[PDB]
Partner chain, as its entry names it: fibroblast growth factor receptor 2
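Encoded as C-alpha cells, the following chain is the form solved without its partner chain, with no partner shown.
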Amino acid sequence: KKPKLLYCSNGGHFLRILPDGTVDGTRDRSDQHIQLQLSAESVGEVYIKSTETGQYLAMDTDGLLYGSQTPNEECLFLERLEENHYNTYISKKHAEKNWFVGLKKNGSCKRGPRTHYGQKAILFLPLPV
C-alpha cells in the first residue's frame, strides 16, 4: 500500500522527517525524506513512517514534532478528513489539547500549542505515489 506524500496547504511543503530526527517541510518533491508510509492501529488512527530512514512521526510532551525510533504512544495520530479533501492529524496522546501536526509558512514545525482547527498549518493532502 502507498506510500504517500503529505502536502501542507500553508506554504506548500511536503512533511519531512530528516536523518537529524527533526521534522519540517520542503517544497522539493524529489526529496527522499518526504516519502511516507501510513499504517493503521485502529480506524482513523495512523502511524506515519519515513520510508527512507524508518523513523516515525511523533509529538513530544510540550508540542514539538520529532522523529522517533519506535512506534510508541507519542506516534499515534488521529487522521480526520476536513473540507475537502485535506486531512488533519491530531496527536492521540494530546488529543484533549487539540495539538495538531502543523507546518508554518516557511516550512518549519508549528508547535502543538500554537495549532488549532481552521489554520492552513494543519491541513495535509495525502498524495499516494
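Only residues modelled in both forms are compared. Residue numbers count along the first chain shown, from 1. Whichever C-alpha set is largest while still superposing within 1.5 Å between the two forms counts as the rigid core.
13-21 and 103-111 differ in mean CA B-factor, and the higher of the two is recorded for 103-111. Of the residues listed, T53, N87, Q37, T61, the entry assigns the biggest Cα temperature factor to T61.
For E73, the recorded CA temperature factor ranks within the highest third of the chain's modelled residues. When the modelled residues of the chain are ordered by their C-alpha B factor, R29 lands in the middle third. When the modelled residues of the chain are ordered by C-alpha B-factor, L81 sits in the middle third.
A95: CA B factor lies in the middle third for its chain, per the PDB record.
Note that the form deposited with its partner chain bound isn't included here; everything after this is about it.
Interface membership of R80, defined by any non-hydrogen atom within 4.5 Å of its partner chain in the bound PDB entry, is confirmed. Looking at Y66, you'd find every heavy atom of it more than 4.5 angstroms from its partner chain in the bound PDB entry.
Counting a residue when any of its non-hydrogen atoms is within 4.5 Å of its partner chain in the bound PDB entry, the one hit in 35-58 is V43.
83-85 is the only run of at least 3 consecutive shared residues whose C-alphas each shift by 2 Å or more between this form and the one not shown once the core is superposed.
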